[PDB]
């Protein structure tokens, strides 16, 4: 199989972290391409990351790519995980996109950035707290953790935007970030540059709604 990634694209974070799950089941070749490069034949506009499967089909959704890697390792679909992935797609991503807009495109700081995601962060913190398990759905990190960690990383890697009163979130996020596949993914995507690396990608995005 071939996985297509690009520099400074945040969606490449969770997939790179998940790719190790394919070990012993299939080989994942990693190919780095440009931002305006179109790899999927049926898609008009460039999209990355993309996974070209051995069957010749394409996965163009980051969560579906992570799911596929986990499924290869023998992971089994559960309602809680689906629930988290749907919430990440439909509620967290736009909140995160807005916050990252204000932060990296319009150079704001503080509550002008945090305001748009505090509700989402608080929801994660409170879920982790009411569970007695260290990870989102399980005793060990799983699909939901990788997907959520991958979305959150470009913001929360800066401690200014991880409120310490949200202690469960802070512990969970720090734990995931120190795991080797997450460390390797962050290095490959952001290289050493922090959040600035993302700037070119974030420019192209639609603008958000209101405060």
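Residue numbers count along the first chain shown, from 1.
query = Which is higher in the entry, the mean Cα B factor of 86-94 or that of 135-143?
reply = That would be 135-143.
inquiry  = Per the record, averaged over C-alpha atoms, which has the higher B-factor: 23-31 or 58-66?
reply    = Taking the mean B-factor of the alpha carbons in each, 23-31 is higher.
key: Out of 129, 81, 73, 122, highest CA B-factor residue   = Of 129, 81, 73, 122, 129 has the highest C-alpha B-factor.
task = Go through 176, 185, 50, 38 one by one and give the residue whose Cα B-factor in the PDB entry is largest.
result = Among 176, 185, 50, 38, the highest C-alpha B-factor in the entry belongs to 38.
key: Modelled-residue ranking by C-alpha temperature factor, third containing residue 14   = Answer is lowest: the recorded C-alpha B-factor places it there.
query = Going by the entry, which third of its chain does the Cα temperature factor of residue 150 land in?
reply = Lowest third.
query = How does residue 44 rank on Cα B-factor within its chain, lowest, middle or highest third?
reply = It belongs to the highest third of the chain when residues are ordered by C-alpha B-factor.
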